[PDB]
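A single chain, nothing else alongside it, follows as structure tokens in the form deposited in one PDB entry.
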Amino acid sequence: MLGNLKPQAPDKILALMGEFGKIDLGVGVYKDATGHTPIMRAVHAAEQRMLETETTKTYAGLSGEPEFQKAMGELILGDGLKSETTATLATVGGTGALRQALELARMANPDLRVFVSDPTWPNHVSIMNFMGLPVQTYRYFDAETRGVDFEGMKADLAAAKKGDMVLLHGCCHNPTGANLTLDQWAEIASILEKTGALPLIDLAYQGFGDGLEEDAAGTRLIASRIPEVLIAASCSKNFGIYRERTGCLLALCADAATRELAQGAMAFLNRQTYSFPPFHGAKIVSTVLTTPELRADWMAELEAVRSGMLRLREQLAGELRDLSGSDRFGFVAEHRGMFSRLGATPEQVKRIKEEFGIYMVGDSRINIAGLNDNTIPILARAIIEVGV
């Protein structure tokens, strides 16, 4: 029977990591100057506290633990958290949150379509393909200016219908690094409420852009305008617990009744997929978020990380300017997040990794974190050498 299985296409980004003066600018993980993805101080302290206070490992909450649900809701929505109208589901990483979000939505609307940014995280489409959900794209990245083609985005978004789902990145857009301003967010909210489309927000880098609260400004604005909204959050990066697989799905509803419905469907969704959600990571997160001492140190380390990447961008951009006499590459310093799309065509991108030893994703997506004073000039020189 199993012989009937068809060979499935592998994950490109992961494959890139597989095929690796080597400079890795692939997989989206944070790395320090010494090419290491460390364990945050607070996270480590949390685990120690856990190893000491936990007396049992029996089954817990099907939708996650109340403390985790609360801490996460507050981190994302701040004071805009209306408990009586929000449903929370602890999931297996942000990816699990997205999948659970797509399933939940399809249950309420079998005829739903999903609008995704052009371009977007390849996994978004992959999952949607697997599920067989109709995917539509909205213009987002402006290939010339490397910014956002807002006019084009608004045009296509207006074409959405009631019941359609629009997938927006809360901040730090993967793979481009191009992000909307708060003003642009307000406009998008106008379009959404006029069309009756359900926004699905992918929040995976809250804290890597402009700051913890700042990176949630957009998500908070949509939540305040639109009555029903879905938020798929990931703790993989901002907490550095990638392998623990911890994130959550928040369902913002119009009333308590609907909320009781959503919470019921969300729980049922975990039950039929894997029963209970993984505990270890969620515990680290809530422990950190509820322990003032740990929260303060976590915010600080995350701040240090964010500030550092920001420096690297200004450094890489400057190196480029003083190597071209033109601020064409200036956008690198304007982009916010962990990634940034250079624009190098497929021809050039593979050529670079070949005759330079620097591995980046085919669409020219580079991981700023995987760069330092030593490699910056090399990358700058590289893209200058192979200008076309």
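Note that residue numbering begins at 1 and tracks the sequence as displayed. Rigid core here is just the name for the largest C-alpha set that superposes within 1.5 Å across the two forms.
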Here the number of deposited-sequence residues unresolved in the coordinates between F20 and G21 is 4 to 9
Assert higher mean C-alpha B factor (268 to 276 or 175 to 183, deposited values) equals 175 to 183
Per the PDB entry, mean CA B-factor is higher for 358 to 366 or 320 to 328, namely for 320 to 328
One of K57, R41, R49, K353 has the largest Cα B-factor in the entry, namely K353
One of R243, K162, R106, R225 has the largest Cα B-factor in the entry, namely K162
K154: CA temperature factor from the record, placed by chain third, in the middle
Split the chain's modelled residues into thirds by Cα B-factor; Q136 lands in the middle
Among the modelled residues of its chain, the C-alpha B-factor of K194 falls in the third labelled highest
Sorting the chain's modelled residues by C-alpha B-factor and splitting them into thirds places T85 in the middle
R313: CA temperature factor from the record, placed by chain third, in the highest
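In what follows, reference is made to the form deposited in another entry, a form of this protein that is not presented.
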Checklist entry - Taking the rigid core as reference, does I13 move its C-alpha 2 Å or further between this form and the one not shown? => result yes
